[PDB]
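In order, the protein sequence lines correspond to chains R, J, O, F and X.
Residue numbers 1 to 95, in the authors' numbering, belong to the letters of the first sequence in order.
Residue numbers 1 to 97, 109 to 167, in the authors' numbering, belong to the letters of the second sequence in order.
Residue numbers 1 to 186, in the authors' numbering, belong to the letters of the third sequence in order.
Residue numbers 10 to 29, 35 to 107, 128 to 174, in the authors' numbering, belong to the letters of the fourth sequence in order.
Residue numbers 1 to 154, in the authors' numbering, belong to the letters of the fifth sequence in order.
No residue lacks a Cβ here, since even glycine has one placed at the ideal position from N, Cα and C.
The structure under discussion appears below in the form of structure tokens.
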Amino acid sequence: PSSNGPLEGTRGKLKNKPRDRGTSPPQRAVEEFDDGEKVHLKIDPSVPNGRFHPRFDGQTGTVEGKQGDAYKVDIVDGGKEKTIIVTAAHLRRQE
Amino acid sequence: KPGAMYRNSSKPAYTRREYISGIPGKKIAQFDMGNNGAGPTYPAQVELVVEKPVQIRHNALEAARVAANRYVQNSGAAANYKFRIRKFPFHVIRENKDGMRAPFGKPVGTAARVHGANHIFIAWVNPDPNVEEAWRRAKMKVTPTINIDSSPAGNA
Amino acid sequence: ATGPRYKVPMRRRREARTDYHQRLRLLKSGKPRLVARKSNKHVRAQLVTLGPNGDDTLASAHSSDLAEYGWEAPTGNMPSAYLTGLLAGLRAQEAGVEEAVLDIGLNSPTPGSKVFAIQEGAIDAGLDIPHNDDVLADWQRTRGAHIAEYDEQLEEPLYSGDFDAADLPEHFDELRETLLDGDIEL
Amino acid sequence: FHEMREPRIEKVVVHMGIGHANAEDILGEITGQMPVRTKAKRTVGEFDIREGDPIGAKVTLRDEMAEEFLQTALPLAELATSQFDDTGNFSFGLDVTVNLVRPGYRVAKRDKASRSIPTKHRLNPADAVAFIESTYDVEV
Amino acid sequence: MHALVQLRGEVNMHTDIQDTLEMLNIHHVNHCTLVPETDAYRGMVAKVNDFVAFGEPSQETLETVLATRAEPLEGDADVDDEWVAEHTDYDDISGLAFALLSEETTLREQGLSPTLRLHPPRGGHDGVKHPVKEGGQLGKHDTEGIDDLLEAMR
RNA sequence: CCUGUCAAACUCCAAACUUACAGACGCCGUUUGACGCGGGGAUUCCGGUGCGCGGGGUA
RNA sequence: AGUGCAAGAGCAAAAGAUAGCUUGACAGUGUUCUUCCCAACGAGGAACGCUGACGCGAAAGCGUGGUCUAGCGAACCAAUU
RNA sequence: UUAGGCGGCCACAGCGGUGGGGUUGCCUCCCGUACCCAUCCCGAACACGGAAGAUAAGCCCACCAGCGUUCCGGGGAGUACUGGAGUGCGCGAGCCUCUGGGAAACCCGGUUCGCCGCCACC
Ligand SMILES: [Cl-]
Ligand SMILES: [Cl-]
Ligand SMILES: [Mg+2]
Ligand SMILES: [Mg+2]
Ligand SMILES: [Mg+2]
Ligand SMILES: [Mg+2]
Ligand SMILES: [Mg+2]
Ligand SMILES: [Mg+2]
Ligand SMILES: [Mg+2]
Ligand SMILES: [Mg+2]
Ligand SMILES: [Mg+2]
Ligand code: NA
Ligand code: NA
Ligand code: NA
Ligand code: NA
Ligand code: NA
Ligand code: NA
């Protein structure tokens, strides 16, 4: 890469299709998850806060406690174990 | 310079003028010849069909187009026919003219990318195919082998 | 509308009904909301919660079904709103609801307004609602005193027939008194 | 149907587009209520580079305040036609504009459930001329 | 139920292909296994389509091959009718053959090596550089096609 | 209105495919102890070629 | 359109404009991600808490500087709380 | 839901257009400024108070497809592209066969003028 910032090579994943533009619905930013639940990580281009490193977009983690309103989701990067601080707005129930 | 240097479609598409400067102008004079005032209202319509994807330098186009039109003056400077070269030299081309150090070349020209089977030239004529000859002279100056194809014309 | 790339607002924004930005902030408390809504002639007070396919109303009160308890005066006024607030408040309590936050829709947070009135009532009913006393009306205006005095500059009855001529902030007391004990639907 | 379709005056804006005022005074008397400052946008050659800046005053008269004004304004004007809005308005003059519309306009100017007034319920240049012409004067 | 037979070696064949072959109990050229027709098994023979030869065998042929190249999960023991009877739920090779074909059981389930270690095809096969439709011996076979190959390697 | 063309730094579209998690089968592990954890000892950080996909270059 | 600046991305009852008020660009201590995919490695950076003190709001609530990704620096010595 | 309040999905719901509907549950327009509250100026808005009038707006109801959008049939197309394989072809660029996937534009015909949840209510 020509630079090594966090948003390097994220033009696609952190951009909205024109119609899905503008503020997102609150219903999913308030969703409540319980420790144990499988959740899919995907940043909402509209939602500035509660994000996580773009590199994890696409992960399906397990909710294990929370910090503030933010959730703590455990994922496995490659073969490494990691804990991701992400808000509901950027999460979805698996299945 | 030789056609062997840019006749293949092996480089990525390089056409964005917003990121390229110093693009030589196209030598191609016109794309519509003959009676452009009238519309394709002719009985016969032959086409020069390229047989292999290649790149055709605006050099080749102009030389191929003149040679045919210039020849289509077997019909008169204001003859009854309409000639058309449907391709435009979009693909920009460079040359590394230091050795291989910082070798990204400098824009030296443009070439149009034609895929095999596309028709580069189209002429419209009444049962008076002198055009078929204007094209034996045209694909004479372009890299690829070509097929001279006739569409509306069962007046054989 | 114009093209594939055109962005159409959320239905409830087209209709100019729900302030979503304000809705997120509300929902944040994680408590039930005390929906305070008005109409030219009435006043409604709901206690909404969050659901799978949309909100769920657990308890409510309309200034209309206020007469069902002895209300014989208009219903688009200060006293009217309060009691409906209190009335919804009680049915709320019954529901097992204990706390909520005041959603005033696209209304203005003007001091002594009827929406704070609705809040003041739902509060007294037993509900725990974050609030601020000095943004509420001075009680008297809640009883309907402002209207009694306004009919003092009579010469012509404020109420087209209706009930009384000099109006009754006391009829207000009578009703609040009533709702604060027993009775059906509470 | 009618009654709720028949024209009415909603505000008469009287503004004095100066380039830098002392003019407020006259506007206050010619109408009867305080004027408002007219800041400008963009930096321009007419030594008008200042963004926020008093460059004139206006007054929006509603109800009687509007009639009681027009009952002298109109007389001082001749024009009509062409000089009318596609929405049934017209500006003459110092300026004096007259906004015209039918009864249910609040739907469009309120906060809750506001809505744009349908093209059918809008006032036409013609329907406008008639209403006013029919009130102390003549068209064209 | 299809009969799988590796016809091409391991040198140079993708790893994920080779592992698939190995999960299908084949670890050597000319080794054959019997695989049920299921989505999960179909995906696997497809991945393996280019180094193997498969297809549905005729009851008869399966019988020949079973008799000639079947083996107990351990040891030399000849799987003949008696063996089958005195060891499996069936009464003879044919009864086993039928069960396999109708996918009612498996070699393992009956205490047998999942692998039929076939012999080189007598007369030589049709080549490993072309599929059947091209005169080669690779890919899916006709029941008569699979039989010829199997019987040649009986 | 008609008619002639394009895009590595366009996209109203849009694969194959790669990939996260889960279940199923398969294979593997529970005396051949997998998965994993802790620790000792390295070597190694001139690579190359074929194929597919490439970027540069007349090559 | 605007949002200080590259480029790409976010934003409309706003993240932009105006007005007013205010100094949370606050003190303290953490969790996590990043820096360094995987996979060890410091400074730095970010996201998310908590404790304490505040600002604004009716309130939910927002403020751990400027919408996001650049604007940064070990030991030794010095000066300062 | 003979007109309401809060919503979810966020155009299948947009844009444009036609018809119908109210002594009342009603919603509105509407009438009106003593109060609470309000306009850098205006009871326009906001806020309060209220029914003389109205169904013309809005709104609710029924419907139209011309544009925008969603999905489906037939055609384009098993075409373009492609994961695996080849001592198949080609000077070569590149192509072909087998195997497993499989599109976009456009045309013609249908579909779409929202669906659903909670509450309240002749
Ligand atoms: Cl993270
Ligand atoms: Cl309301
Ligand atoms: Mg990309
Ligand atoms: Mg053995
Ligand atoms: Mg031999
Ligand atoms: Mg051979
Ligand atoms: Mg990839
Ligand atoms: Mg920030
Ligand atoms: Mg030193
Ligand atoms: Mg110092
Ligand atoms: Mg009507
Ligand atoms: Na969005
Ligand atoms: Na040099
Ligand atoms: Na040639
Ligand atoms: Na650090
Ligand atoms: Na001022
Ligand atoms: Na109506």
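Nearest neighbour of residue i, chosen from the options [CA to CA]
i: J:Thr156; options: J:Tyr14, J:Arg16 and J:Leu48; result: J:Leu48
i: O:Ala145; options: O:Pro79, O:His42, O:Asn132 and O:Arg44; result: O:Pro79
i: J:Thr15; options: J:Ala68, J:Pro118 and J:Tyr42; result: J:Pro118
i: R:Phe56; options: R:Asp20, R:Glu31, R:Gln27 and R:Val76; result: R:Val76
i: J:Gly22; options: J:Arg124, J:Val92, J:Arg65 and J:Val142; result: J:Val92
i: O:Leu106; options: O:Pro9, O:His21, O:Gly3 and O:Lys7; result: O:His21
i: J:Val142; options: J:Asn69, J:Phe115 and J:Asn96; result: J:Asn69
i: O:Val97; options: O:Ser63, O:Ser113 and O:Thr49; result: O:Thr49
i: J:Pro24; options: J:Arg57, J:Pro2, J:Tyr42 and J:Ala13; result: J:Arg57
i: F:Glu38; options: F:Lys154, F:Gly70 and F:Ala87; result: F:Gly70
i: F:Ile27; options: F:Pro159, F:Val50 and F:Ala94; result: F:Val50
i: O:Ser29; options: O:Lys41, O:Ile129 and O:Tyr69; result: O:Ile129
i: O:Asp181; options: O:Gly126, O:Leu158, O:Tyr159 and O:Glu170; result: O:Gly126
i: X:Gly9; options: X:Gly43, X:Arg42 and X:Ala53; result: X:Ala53
i: O:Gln46; options: O:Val115, O:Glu15 and O:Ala148; result: O:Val115
i: J:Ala29; options: J:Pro114, J:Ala60 and J:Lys97; result: J:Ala60
i: O:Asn53; options: R:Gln94, R:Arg92 and R:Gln27; result: R:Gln27
i: F:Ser105; options: F:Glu82, F:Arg64 and F:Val163; result: F:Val163
i: F:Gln85; options: F:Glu12, F:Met13 and F:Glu167; result: F:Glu167
i: O:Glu152; options: O:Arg141, O:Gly161 and O:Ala165; result: O:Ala165
i: O:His131; options: O:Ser64, O:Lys38, O:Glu99 and O:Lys41; result: O:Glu99
i: O:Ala92; options: O:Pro32, O:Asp134, O:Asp138 and O:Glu156; result: O:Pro32
Whole-Å CB distance - residue i paired with residue j, under 8 angstroms assumed
i: F:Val132; j: F:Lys72; result: Rounded, the Cβ-Cβ distance is 14 angstroms, inconsistent with contact.
i: O:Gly85; j: O:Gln119; result: 6 angstroms
i: R:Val63; j: R:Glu37; result: 5 angstroms
i: X:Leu73; j: X:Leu112; result: 6 angstroms
i: R:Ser46; j: R:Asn4; result: 26 angstroms between Cβ atoms; not a contact.
i: R:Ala29; j: O:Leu24; result: 6 angstroms
i: J:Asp160; j: J:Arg84; result: Contact doesn't hold; Cβ gap of about 14 angstroms is too wide.
i: O:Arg143; j: O:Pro111; result: Not a contact, Cβ separation roughly 17 angstroms.
Close-in-space but distant-in-sequence residues of the same chain around residue i (CB under 6 angstroms, 5 per side omitted)
i: J:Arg7; result: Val54, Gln55 and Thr154
i: O:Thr18; result: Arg12
i: X:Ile26; result: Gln6 and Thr33
i: J:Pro89; result: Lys26, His58, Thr121, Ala122 and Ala123
i: F:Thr57; result: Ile63
i: O:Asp55; result: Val48
i: residue 104 of chain J; result: Looking at chain J, the numbering goes 97 and then 109, which leaves residue 104 of chain J without any coordinates in this model.
Spatial neighbours of residue i in its chain, beta-carbon cut-off 7 angstroms, leaving aside the 5 residues before and after
i: X:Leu150; result: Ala3, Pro57, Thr61 and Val65
Sequence-distant residues of its chain with Cβ nearer than 8 angstroms to residue i (five each side left out)
i: X:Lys47; result: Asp16, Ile17 and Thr20
i: F:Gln47; result: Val73, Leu75 and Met79
i: R:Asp34; result: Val63
i: J:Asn166; result: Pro43, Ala44 and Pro138
i: J:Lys97; result: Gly116, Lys117 and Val119
i: R:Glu32; result: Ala88
| message | Please list, in chain order, the residues of the segment 17 to 30 of chain O that have any C-beta partner in chain F closer than 7 angstroms. | response | For the segment 17 to 30 of chain O, the set of positions with a beta-carbon nearer than 7 angstroms to some beta-carbon of chain F reads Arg17 in chain order.
| Of the residues that make up the segment 129 to 151 of chain F, which ones have a beta carbon closer than 8 angstroms to any beta carbon in chain O? | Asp145, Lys146, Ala147, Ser148 and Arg149
| request: Using a Cβ-Cβ cut-off of less than 8 angstroms, give me the residues of the segment 35 to 53 of chain O that come near chain R, in sequence order. | output: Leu50
| field | Runs of alpha helix (DSSP H) lying entirely within the segment 91 to 136 of chain X, each at least 4 residues, in chain order | value | 93 to 101
| field | Residues of the segment 91 to 119 of chain O whose Cβ lies closer than 9 angstroms to any Cβ of chain F, in chain order | value | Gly105, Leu106, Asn107 and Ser108
| task | Kindly provide the ranges of any alpha helix (DSSP H) runs that are 4 or more residues long and lie completely inside the segment 48 to 103 of chain O, ordered along the chain. | result | 78 to 95
| field | Contact residues within the segment 68 to 90 of chain O, judged by C-beta distance below 9 angstroms to chain F | value | Listed in sequence order: no entries.
| task | Could you tell me which uninterrupted alpha helix (DSSP H) segments, each at least 4 residues in length, are contained entirely in the segment 133 to 163 of chain J, listed from first to last along the chain? | result | 142 to 145
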